[PDB]
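Step one of this worksheet: look at the structure below.
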Amino acid sequence: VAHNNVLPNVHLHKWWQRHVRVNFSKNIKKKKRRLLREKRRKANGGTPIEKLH
Amino acid sequence: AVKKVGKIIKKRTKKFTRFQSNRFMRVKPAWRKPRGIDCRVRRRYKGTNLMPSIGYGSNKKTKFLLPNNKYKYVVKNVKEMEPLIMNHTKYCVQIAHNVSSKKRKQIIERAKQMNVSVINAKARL
Amino acid sequence: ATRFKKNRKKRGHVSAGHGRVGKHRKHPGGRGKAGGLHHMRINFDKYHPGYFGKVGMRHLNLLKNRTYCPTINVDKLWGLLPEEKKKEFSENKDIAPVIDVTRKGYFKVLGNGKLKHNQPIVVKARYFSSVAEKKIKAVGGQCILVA
Amino acid sequence: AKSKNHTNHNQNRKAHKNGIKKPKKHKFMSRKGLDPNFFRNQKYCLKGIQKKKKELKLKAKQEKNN
Amino acid sequence: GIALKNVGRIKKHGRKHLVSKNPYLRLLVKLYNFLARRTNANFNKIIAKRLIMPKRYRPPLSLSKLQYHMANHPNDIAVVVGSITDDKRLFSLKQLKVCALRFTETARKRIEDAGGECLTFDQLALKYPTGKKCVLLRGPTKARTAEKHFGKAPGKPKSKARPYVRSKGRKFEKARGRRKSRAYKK
RNA sequence: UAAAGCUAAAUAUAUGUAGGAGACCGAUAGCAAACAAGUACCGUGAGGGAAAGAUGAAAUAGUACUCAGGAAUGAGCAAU
RNA sequence: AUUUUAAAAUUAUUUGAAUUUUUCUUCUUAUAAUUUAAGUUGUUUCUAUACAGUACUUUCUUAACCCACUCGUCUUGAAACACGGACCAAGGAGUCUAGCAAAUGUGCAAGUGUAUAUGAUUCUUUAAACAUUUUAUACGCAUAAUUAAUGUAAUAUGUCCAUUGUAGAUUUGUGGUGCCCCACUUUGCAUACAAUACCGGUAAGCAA
RNA sequence: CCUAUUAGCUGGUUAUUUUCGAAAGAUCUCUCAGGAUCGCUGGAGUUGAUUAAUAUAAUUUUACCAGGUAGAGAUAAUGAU
RNA sequence: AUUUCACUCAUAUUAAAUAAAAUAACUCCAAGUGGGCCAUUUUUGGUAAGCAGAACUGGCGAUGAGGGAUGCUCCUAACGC
RNA sequence: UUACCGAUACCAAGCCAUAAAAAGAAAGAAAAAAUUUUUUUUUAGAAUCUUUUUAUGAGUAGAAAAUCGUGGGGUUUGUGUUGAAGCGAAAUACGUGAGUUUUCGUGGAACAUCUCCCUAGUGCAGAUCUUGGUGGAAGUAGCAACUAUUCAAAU
Ligand SMILES: [Mg+2]
Ligand SMILES: [Mg+2]
Ligand SMILES: [Mg+2]
Ligand SMILES: [Mg+2]
Ligand SMILES: [Mg+2]
Ligand SMILES: [Mg+2]
Ligand SMILES: [Mg+2]
Ligand SMILES: [Mg+2]
Ligand SMILES: [Mg+2]
Ligand SMILES: [Mg+2]
Ligand SMILES: [Mg+2]
Ligand SMILES: [Mg+2]
Ligand SMILES: [Mg+2]
Ligand SMILES: [Mg+2]
Ligand SMILES: [Mg+2]
Ligand SMILES: [Mg+2]
Ligand SMILES: [Mg+2]
Ligand SMILES: [Mg+2]
Ligand SMILES: [Mg+2]
Ligand SMILES: [Mg+2]
Ligand SMILES: [Mg+2]
Ligand SMILES: [Mg+2]
Ligand SMILES: [Mg+2]
Ligand SMILES: [Mg+2]
Ligand SMILES: [Mg+2]
Ligand SMILES: [Mg+2]
Ligand SMILES: [Mg+2]
Ligand SMILES: [Mg+2]
Ligand SMILES: [Mg+2]
Ligand SMILES: [Mg+2]
Ligand SMILES: [Mg+2]
Ligand SMILES: [Mg+2]
Ligand SMILES: [Mg+2]
């Protein structure tokens with residue numbers, strides 16, 4: 002190390018490439034989830050799908 | 002060698018060839034600046050290739066004029082050469098390489114009506 | 002963007018900016034924080050003085066929710082009111098506001114600043130400092146402790 | 002194996018590159034560790050002077066508004 | 002040859018143009034350059050220079066400090082080449098006339114509620130061409146946190162600079178070099 | 001409220017099979033392999049492992065006839 | 001398109017005085033012109049009464065006169081009896097991600113950033129774009145420091161006032177020389193140098 | 001196969017013009033073919049001067065201060081003769 | 001010691017001379033370098049050396065042009081067309 | 001004692017660039033050729049812009065600005081069977097330079113954008129560099145163990 006910086010700290014010393022995960026489908030998944038919980042309502046035929054807490 | 006015709010003065014006419022381009026045929030003649038210790042062209046030894054410099058620059062008043070003593074504008078179709086009707090004594094036209102013969106005939110006969118000169122009005126004839 | 006990178010300027014030069022005699026070799030002084038205390042000592046000493054050694058007592062299982070405590074000075078105490086509501090308390094002298102800072106996320110009232118002279122105010126909180134409590138008593142107010 | 006071990010060739014050429022700099026010549030310095038029992042008294046003197054000056058200023062602010 | 006320094010050529014040491022591309026700021030620069038040239042007033046020169054500086058040299062000014070600076074200058078105009086911001090620590094505000102490059106919403110509301118007004122620089126060019134009864138003001142230019150790390154290195158005797166650290170606590174750079182009990186203090 | 005047991009959903013998917021797409025590569029590039037490619041070939045064996053795309057719109061137009069020559073092949077007053 | 005003016009010089013008529021006594025004697029004490037002022041102007045001939053010729057412009061080739069060791073690299077020092085290079089074509093080397101800082105541009109500002117989700121008369125594109133739960137406590141960084149620590153926590157209620165001094169940008173009123181600079185007068189940003197008060201820790205003194 | 005293991009050491013590192021321009025000293029180092037740190041360089045930005053002034057200076061002048069080298073001495077001290 | 005108030009000390013030639021003296025002062029972020037050698041003069045070891053080790057300046061390195069027949073360091077003199 | 005010859009240094013003048021400076025954001029007719037009628041040329045105002053003045057110019061390691069070119073994307077507006085890209089030879093051509101532009105020939109199907117932006121696997125003389133093709137040496141070295149061949153006929 003040579004300047005006025007903060008002392009380095011990074012935790013990259015194992016085989017870190019094998020487990021990296023880029024999220025490409027976070028909106029596709031919410032569309033899918035919305036359609037499933039909407040399909041449930043049409044099968045309950047008037048009764049709600051929530052419960053009292 | 003200075004060349005001068007009217008008011009136009011050229012400060013040199015020969016090209017600046019690349020060092021060693023006459024001896025090795027993998028070296029092309031386009032100029033590249035010599036870098037690297039022990040060159041004899043970078044160190045300005047007498048008797049070898051000269052280097053270009055800003056001192057050979059041309060007069061601002063005559064920097065882009067042709068021997069015609071006019072500036073050159075290149076046109077591709079009829080509608081592009083209409084801005085020349087206001088400045089016809091300072092510009093001359095040249096037709097682009099990839100236009101067809103039929104288009105060329107019309108461009109030429111309009112340039113004739115506008116009283117502007119055509120540099121290459123002999124091609125494809 | 003690769004368009005504006007410094008390396009494109011040195012594309013015709015031999016050494017790419019790293020020098021003829023001292024090349025760009027790989028790890029010529031160690032890896033990471035390697036040489037400190039031996040041959041990186043000066044950098045450590047003049048940029049990070051107190052780095053080596055340990056001091057103090059251990060706390061084995063902290064649980065930070067036990068000592069969470071945001072604060073507010075008496076400077077910012079009349080500013081929590083809207084300006085129109087701040088206005089009428091000036092004219093009328095018979096009524097004072099009662100302020101509950103724990104409804105706003107503050108826990109301890111702290112005592113920097115100046116309160117308006119002869120303008121009483123009543124404050125609720127979990128903790129007070131001595132100076133703050135005195136300054137509230139001086140302009141004719143009262144402090145109330147809650148939980 | 003053997004090499005040079007000392008010279009100061011070129012050193013004052015580099016020294017005179019950016020001139021020989023002088024101290025900045027300030028007006029006041031800090032009397033932190035200097036003669037005690039003389040500057041504590043000076044603090045008392047200046048407190049008295051300030052009390053007189055501010056009393057006069059307050060007085061004038063009191064008459065001028067009538 | 003000839004023995005000159007920086008041979009025959011004069012050095013200048015600052016910013017020369019705008020870097021920003023806001024068209025309205027470019028119009029302002031043109032206007033005050035013209036005013037500076039054609040009436041060398043020393044009032045329009047300074048303004049023409051200040052609205053060229055980078056962001057760090059145009060700090061904000063608070064309402065309370067602005068009112069404090071104008072206490073002995075009733076019915077005058079304060080000129081700031083920055084933003085002015087609100088201050089909750091004030092209880093009341095007087096009537097003020099202020100020209101500034103930007104106002105925040107709360108500060109603008111408070112100023113107009115007391116009977117004051119807010120001005121842009123193109124109106125000040127139209128009403129006070131040479132700055133009669135106008136007071137130039139600046140905010141605190143060395144109050145930024147980044148300036149707390151500059152100066153002498155932290156470690157030189159009796160310095161005041163902050164260090165660059167991951168976090169703060171008894172375990173983060175407090176042992177050797179900051180107390181006498183571990184071998185020396187600073 | 002230990003020293004016995006069962007149990008959906010919200011999570012993962014460098015494999016197999018099908019479908020859709022890209023500011024990606026363009027035959028020394030892209031998978032090793034755009035072609036009878038894990039093929040031809042090398043090693044006792046465990047294993048190693050390539051090169052090689054394009055006539056023309058149409059051959060349902062791929063060169064008929066004559067002369068010289070043993071033949072290949074060449075030439076034409078002859079031919080798509 | 002209004003400093004190729006003004007002035008100066010010259011020449012020919014003048015209005016007056018000198019002295020050196022004169023066909024270049026002085027002093028713009030009145031009008032006209034001229035240049036020696038206020039960076040080249042004129043007359044003849046040729047090209048030529050041409051349309052590309054053997055002439056003019058231009059590009060190659062080959063002589064002469066003077067000069068010219070093999071590039072790249074390490075090195076105090078390379079033409080070196082230091083190393084790599086038989087020739088040609090294609091390929092071929094400071095990039096990506098995390099985390100921090102400085103600089104600069106942009107938005108808002110004592111706050112700022114709509115996380116994961118959910119909503120919608122979003123649904124080739126759209127894996128984009130749009131929205132935020134019908135005196136309003138998700139979380140990060142900032143708004144307060146200091147101490148191993150129990151912890152404690154920033155002038156102080158006489159006045160919503162905003163600690164003190166020296167130099168200093170801008171403003172106010174008179175005078176000097178040319179809106180500028182000076183001599184007083186008024187106000188006193190940023191910042192530099194110091195002083196003082198207060199908060200956390202430690203000594204000292206006293207201590208229920 | 002782990003694996004494109006590591007190398008303070010050899011070799012290489014791709015367009016133009018224009019502007020500024022070095023070090024081969026010094027401190028610490030299982031340090032002596034390396035490194036950190038100061039010095040020398042470039043870029044960015046404020047504050048100033050643009051008033052033939054003041055700040056300033058590898059230079060003189062005037063006033064004053066400190067020195068034991070060239071020379072000299074041996075009959076003044078020491079040591080030689 | 002400090003705080004006030006009154007009076008008064010050359011300046012247009014500037015409290016001695018000279019000055020392409022503000023091409024100044026300061027802060028930030030970074031590169032390369034940390035094997036050197038040579039000449040006149042002073043100087044240590046060595047019989048000496050194109051040997052080894054120091055001092056003050058100027059150079060070569062990083063630099064070409066005219067001269068010394070020739071030559072990294074000598075003399076003149078440093079570089080747009 | 002005189003004359004002379006001799007630098008990229010010194011002096012005078014032109015031009016390029018760098019640095020600094022003096023100024024500009026309230027626009028009106030000048031010649032020439034033709035016998036007071038027509039004809040030519042110009043009649044400017046972009047702010048990192050336009051006029052004008054002075055001084056200056058060496059450079060390895062290194063740093064910065066402006067500029068030239070390549071594959072692909074958005075916007076704008078273009079070329080092509082009356083011949084695109086590419087390739088060979090060139091030019092009274094432009095630029096200090098990297099380059100840009102054009103003619104002829106070949107070719108047979110696509111190619112740009114400089115109006116302003118986005119983007120990257122983006123620029124080769126070398127690495128005993130990788131893969132492929134090709135030279136001088138050169139009609140040269142050489143075609144040598146194993147005793148040995150001859151006459152006539154057929155094809
Ligand atoms: Mg040329
Ligand atoms: Mg060299
Ligand atoms: Mg270089
Ligand atoms: Mg190298
Ligand atoms: Mg010069
Ligand atoms: Mg169980
Ligand atoms: Mg596909
Ligand atoms: Mg392949
Ligand atoms: Mg080496
Ligand atoms: Mg070297
Ligand atoms: Mg050697
Ligand atoms: Mg060499
Ligand atoms: Mg030899
Ligand atoms: Mg070697
Ligand atoms: Mg070899
Ligand atoms: Mg920033
Ligand atoms: Mg955190
Ligand atoms: Mg206490
Ligand atoms: Mg008791
Ligand atoms: Mg390896
Ligand atoms: Mg220089
Ligand atoms: Mg070294
Ligand atoms: Mg030299
Ligand atoms: Mg000789
Ligand atoms: Mg002679
Ligand atoms: Mg130069
Ligand atoms: Mg690509
Ligand atoms: Mg193309
Ligand atoms: Mg590449
Ligand atoms: Mg290539
Ligand atoms: Mg090659
Ligand atoms: Mg061979
Ligand atoms: Mg033979």
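Chains as they are written, first to last, in the entry's author numbering: chain L, 2 to 54; chain 8, 2 to 126; chain O, 2 to 148; chain 4, 2 to 67; chain S, 2 to 187.
The beta carbon of each residue, even a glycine, is placed where N, CA and C say it ideally should be.
With respect to chain O, the C-beta atom of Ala79 (chain S) has no partner C-beta closer than 8 Å. Residue range 122-128 is occupied by the alpha helix (DSSP H) that includes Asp123 (chain S).
With a threshold of 7 Å, the Cβ atom of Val22 (chain O) counts as near ligand 10, since some heavy atom of the ligand is closer than that. Below 8 Å, too few C-beta pairs join the segment 37-49 of chain L and the segment 38-52 of chain 8 to call them touching: fewer than three. The Cβ neighbour count for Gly83 (chain S), taken over all protein chains shown within 10 Å, is at least 16; the residue is labelled buried. Interface with chain O (8 Å Cβ-Cβ cutoff): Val21 (chain L) is excluded. Listed by position along chain L, the residues whose Cβ is nearer than 7 Å to that of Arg177 (chain S) form an empty set, because the closest Cβ is around 15 Å away. Around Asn119 (chain O), the same chain offers no residue with a beta carbon nearer than 6 Å, after the five sequence neighbours per side are excluded.
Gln107 (chain 8) and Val79 (chain 8) have their C-alpha atoms spaced approximately 8 Å apart. Residues of the same chain with a CB within less than 6 Å of the CB of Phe65 (chain 8), apart from the 5 flanking positions on each side, are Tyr72 in chain order. Here the segment 87-98 of chain S does not lie against the segment 5-23 of chain S, with fewer than 3 beta-carbon pairs under 8 Å apart. Proximity of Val11 (chain L) to chain S, defined by a Cβ-Cβ separation below 8 Å, is not satisfied.
Contact check for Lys187 (chain S) and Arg177 (chain S): beta-carbon distance about 11 Å, past the 8 Å limit, so the pair fails to qualify. Look at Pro50 (chain O): its C-beta is under 8 Å from a C-beta on chain S. Relative to the non-hydrogen atoms of ligand 1, the Cβ of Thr14 (chain 8) comes within a distance shorter than 7 Å of at least one. If you ignore the 5 residues before and after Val140 (chain O), its C-beta comes within less than 8 Å of the C-beta of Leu116, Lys117, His118, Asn119, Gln120, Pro121, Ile122, all in its own chain and listed in chain order.
Per the C-alpha coordinates, the member of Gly112 (chain O), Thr103 (chain O), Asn113 (chain O) positioned closest to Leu146 (chain O) is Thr103 (chain O). Burial is judged here by how many other beta carbons sit within 10 angstroms of a residue's own beta carbon; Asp123 (chain S) has fewer than 16 and is exposed.
Taking a contact as a CB-CB distance under 8 Å, the pair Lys24 (chain O) and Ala17 (chain O) does not count as one, their CB atoms being some 10 Å apart. The alpha carbon of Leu29 (chain S) has as its nearest neighbour, out of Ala4 (chain S), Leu125 (chain S), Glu106 (chain S), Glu118 (chain S), the alpha carbon of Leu125 (chain S). At a cut-off of 8 Å, the C-beta of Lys117 (chain O) has a neighbouring C-beta in chain S. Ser21 (chain S) and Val136 (chain S) have their C-alpha atoms roughly 26 Å apart.
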